[PDB]
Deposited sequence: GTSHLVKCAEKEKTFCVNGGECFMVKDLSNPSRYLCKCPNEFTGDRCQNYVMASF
């Protein structure tokens, strides 16, 4: 994988149960893996349909 888990400092970065990840590339790019109920750059928004 191109991704690694974030430090404990960056735990609170992703909200609403989002899992933080960094990218190994040479700055380092951060991302959130969201639970199905949430979205946004930091899982800050609720997913919605219909």
*Where does the model skip over parts of the deposited sequence?*
1-2, 29-30, 55
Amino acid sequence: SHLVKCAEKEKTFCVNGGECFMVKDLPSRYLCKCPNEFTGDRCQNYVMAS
From here on, numbers count along this sequence of modelled residues.
*What stretch has the higher average Cα B-factor here, 38-46 or 8-16?*
8-16
_Chain third (lowest, middle, highest) by recorded CA B-factor, residue given as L31_ = lowest
